[PDB]
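Mind looking over this structure? Questions follow.
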Amino acid sequence: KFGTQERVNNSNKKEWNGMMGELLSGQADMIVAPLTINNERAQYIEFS
Amino acid sequence: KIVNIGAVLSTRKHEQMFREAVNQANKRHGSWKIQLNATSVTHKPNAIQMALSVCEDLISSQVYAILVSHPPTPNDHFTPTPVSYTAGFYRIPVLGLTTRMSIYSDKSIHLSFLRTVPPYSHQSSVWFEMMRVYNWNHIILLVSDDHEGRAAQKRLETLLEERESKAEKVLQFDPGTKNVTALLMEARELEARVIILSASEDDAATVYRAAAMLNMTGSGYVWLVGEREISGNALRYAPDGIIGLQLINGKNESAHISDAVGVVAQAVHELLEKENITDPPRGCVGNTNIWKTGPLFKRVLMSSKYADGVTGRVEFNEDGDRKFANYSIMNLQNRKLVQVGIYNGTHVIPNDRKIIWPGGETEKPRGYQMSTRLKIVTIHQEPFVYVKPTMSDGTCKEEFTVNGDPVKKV
Amino acid sequence: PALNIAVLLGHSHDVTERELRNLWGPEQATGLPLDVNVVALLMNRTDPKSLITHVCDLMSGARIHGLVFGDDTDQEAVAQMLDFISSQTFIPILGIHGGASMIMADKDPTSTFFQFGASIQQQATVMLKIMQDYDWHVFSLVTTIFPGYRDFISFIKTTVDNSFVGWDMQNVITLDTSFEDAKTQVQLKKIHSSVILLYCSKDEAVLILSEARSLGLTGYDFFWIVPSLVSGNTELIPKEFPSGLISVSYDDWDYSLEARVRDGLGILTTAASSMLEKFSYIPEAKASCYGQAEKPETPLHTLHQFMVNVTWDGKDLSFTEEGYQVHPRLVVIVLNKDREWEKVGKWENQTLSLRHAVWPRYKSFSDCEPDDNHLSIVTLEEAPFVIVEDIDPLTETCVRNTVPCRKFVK
Amino acid sequence: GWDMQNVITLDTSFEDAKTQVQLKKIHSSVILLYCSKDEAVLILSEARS
Amino acid sequence: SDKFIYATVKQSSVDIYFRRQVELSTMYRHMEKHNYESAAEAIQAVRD
C-alpha cells in the first residue's frame, strides 16, 4: 500500500498504512518512490 | 474570637516550635481582638488511625486550617492524604509543609489542599528555561507511568507547544521495573542527546545503571533531572556531569512551619475582616454539611502574599502551590554535587562555577547528532522501482542499457 | 465458600435492610461455586469517622469481602473517602449513588474502588454523538479553571483531530476569574453563533449564562450542550438556564437504586466466581482498620484485574483500568418549555438512541424572537431532480453537497 | 453593493441595558456613527468594552 | 454498470482523490468493491 488514512478497529483511531505508516512511525526516514503530493499526505509529512 | 489551628507534625519538638511560631504570628498584626490558638498531633503509622485522630483531636477542636508534614520515617507514600481528605470533607483548608507530590496539584481530587513546597512537576519549567539558555531543540523524555511522570510530561508538552516544538520521544516506563534496557536501546537509535529523566530514586538508579551499561553517559550526552533523581540511592549511581535540581528549603520543616503559620494567620485575619463568617464544626460525627466559608477561606488563602518570608516571597497559584521556589542547579562533578547556578521564581542564573558535561568535556555539547544513515522505503512500481530476486551469492547480475552503461542496483 | 458482601445506604432512601437482603434471592444458581449472604446496614449521615467505623465494624463482624456503598447527598468528598477506605483496607468498594457516584479523576493504583458513573471522556463522547446526529458541527468550546478543564479540552481536541467530521473548533474561552468584570466580556465577544460546550460548576455557569444573555448569546440559533457537571441537581433549575439546554447525565429516573444494588452485588459475585474458576479460593478479609500489621499488605490474589471482564445476565458491567464503567447508563436530557429536565435520549452499548429524529426548536426565553426562519419543506424523490440516499458508512452522516432529510417509513 | 447590515438607534441609557444587546448585533464592518461628541465618547467607550 | 467494471489500486492517492471529490462519489462507491491490492495485479487483470 502507498498510504491512506484508515480507521483502525480498536478505539477508532486514525492511522497511516504502507509508506506513511512506515515513515511516520520512525521505521523509515525517507520515501524515494512515486508518492503523489496531496493534502492528506502533506498535513503529516513534507514533500520535496 | 479565638481561632484554632491544627498541626499534623512529625515530632514533639516540631509541635513545640509550631506553637512558638503561632505565638509569634499572634504578637504581630493581631487585628486588635483575635488571639490564635494551636493544637498539634503527631503522625500515626496507619492512615485510619490518623483519620480518626484528626477527626477526634483536630476537627473537634474547631480548626480553621490544618498543617500537615511528612513523618520522620523516610517513607513518603502520600502520608498527608488522610489529612487533606478528612479536612477536605468540610472544605477546611489543609497546609502541606514537605509534600512535593504532584497529585495534590489537581483540585478536582484535593479540594482544600495548599502546600508551601511546589511539587516535582514544576521542575519541568526549569528544564524549558535550560532549553532556552543552551539552545537545545531536540530532547528525549524518560518518564514514569504513574501520575507524577504523566503530570511532568503534560506540563513540559504544554510549555513546548508555545514554541511550536515537541520532544522526539516520550518513553514511559512503569515504576519499579528492574529491566529498562529496551527503552534505552530504543532511545539510543534516536538523534536527540538531551535525555530528561523524571522518576523516583529507585527508578532513577535503574535508569542510570542501564545508561552506564549502554555507554550512554559518555561525551556528547546531556542529562537533565529533578530532585528525586540526585538524592539517595539515585545519587550513588548517577553519571558524572548530570544536571540535577534541589530545593533550597525543601527539607527545612522549620522555615516551612514558620511561613505557613504566618500566611494562615494573615488569611484568618483577612477572613475575619469580611462578613458572614460561620464557625468551624465540632467533630466528624454529627455534622455533615460543609463549611459555608470554606471556599472563600481557601480563596483568601490563595490571594495572600507573605511579604517577608523565611523561605522567600510566599505566593499561591490557581493549582494551589507556592508557584515561586528557588531551585539550585547541582552538577555532579567528581561524584560530588556542586552548585553551578540557581533557578529563582522565574529565571535561572549561572555562577562562577564551570559545568562539566558528561564525559568530562567542558564545552557545551550540541543538542543532537545528525544521522548520516537513512532508512529508505520503496515500493514495487515497474517503471520506477524494478525489484528482482538476487542470485545465490547475494548480488544480482550487472546489466547494461542500450547505451551500455551499467545499471546501478541496490 | 460463602461470600460476604456489605451494602450501605442512607436514611433518605426508603429501602429497608430486609429488602436489600431479599434482593439477592432470585434462586437460579447465581453463584455456581459460592453463595452470597448479603449483609445490610444504614447510617444517619455520611462523615469520615462514622464511615470508617461502620465499614470496618462490618469487616470485623460479617467478614465482608466487598462493599456496595450508596450515598444520598451530593457531597463530592465522599467518593475519595471511599476510595482510600478501599486503599487502606483492600475491600472492593462500589460507589452506587450520591456523592460516591461522581467520577473522580485519578484513583490510587493500589485501591480497588469502582464507581457507578461516567467520566468526562464518556460525557464528551455522548455530546459529540449528539452533534453528529444533529449535524451541529460548528461549536465554540467555553471552559474555565474549574478543575478538569485541561482533560476535557485535551480529549475533545484529540477526538476532533481523530474525527472524520469537520469540527471547526472556533475558540476556547477560559474565564480565569472576574466573570462579571473586565477582559472577560471582550473574550466573550469573540464567540460566534454556534454550539457552546460550556464546562463549569452550576453557580458559575449561572453567572456565565447571565452574562451571555446580557450579550445576547441565547436564542433559536444558539445551541448549548453541556456535561453533567453543570446540570447537577435536576430538582433545582436556575432561571438563567435557556430552554433547549442539552445535557448528558447518569440516569436517576429509570435506573432505580434497587437495580443499582442488584447490579453491584452481581458484579461482585461474578468477579468472585471468576476468581474461584481461575484462582484457588476467596482470600480472607483484613483483620480490621487497626493494629498496624507488620506485613507489606499485599494479597496474593485480588478482584482488581478480574473486574475488567464482568458480565451479568443481560448487560455488560465491565470496568476500565482507570475505574469507569465500560458501558455506563447515560441519558441525554433537555430543558423543555416547562423548565424541567425532560429525558430525551439514552446511551446503550456505545450507541446513542434519540427520541427526536429532528431536533424540536425550543424557545430559549419569553422575550425570544418567534420561529420564522425555520421552515418545513416537503420533497418527494424523483429520479433526476431530487435523490434520496442512505447514510454515509464512512462518516455516519450526510455526505458533502447533501442535506439531511427524514422519511416516515412504516 | 452596499449591504447595509443594521441601524442601531440608541434611544437612551447608553451605559445601561437593552443597548448592549443592540450593539451585539454589530458585525465587523464600517461604522457610520452619527451623534454628538460627548455621546459618541460614551458609545466609543462601550464599543471598546 | 455491472457489465462495465473499472477499478484502481486500493489505499493509494487516486483512491483518496476519488473519496474526497465532491461529485464522483457515485462511482467511488462502485470502485470501492473492485479495488486491487497492487498496480501490477490491476494491469494484469486489464490485460486478460
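Lettered A, B, C, D and E in written order, each chain numbered from 1.
One rule holds for everything that comes next: contacts are C-beta pairs under 8 Å (C-beta built on N, C-alpha and C of every residue); 3 or more make two chains touch, one makes a residue touch a chain.
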| item | value |
| --- | --- |
| Chain hops separating subunit D from subunit A, counting only touching neighbours | 2 |
| Touching subunit B and also subunit C, the following chains | A, E |
| Among all chain pairs, the one with the most C-beta contacts | B-C |
| Reference subunit E; chain at largest CA-centroid distance | D |
| Between subunit E and subunit A, distance of the C-alpha-averaged centres to the nearest whole Å | 20 |
| For subunit D paired with subunit E, centre-to-centre distance based on mean C-alpha positions, whole Å | 58 |
| Length of the line joining the C-alpha centres of subunit C and subunit D, rounded to whole Å | 45 |
| Rounded Å distance between subunit A and subunit B, as computed from the means of their C-alpha atoms | 37 |
| Multi-partner residues of subunit D (at least 2 other chains) | none |
| Shared interface positions of subunit A, touching two or more other chains | 2, 18 |
| Pairwise chain contacts under the document criterion | A-B, A-C, A-E, B-C, B-E, C-D, C-E |
| Subunit B - residues contacting subunit E, complex | 380-382 |
| List of subunit E residues in touch with subunit B within their complex | 38-40 |
| Of all residues in subunit B, those that touch subunit A in their complex | 371, 374-379, 381, 384-385 |
| Contacting residues of subunit A [partner subunit B, same complex] | 2, 18-19, 22-23, 27-34 |
| In the complex with subunit A, residue positions of subunit E that touch it | 9-17, 20 |
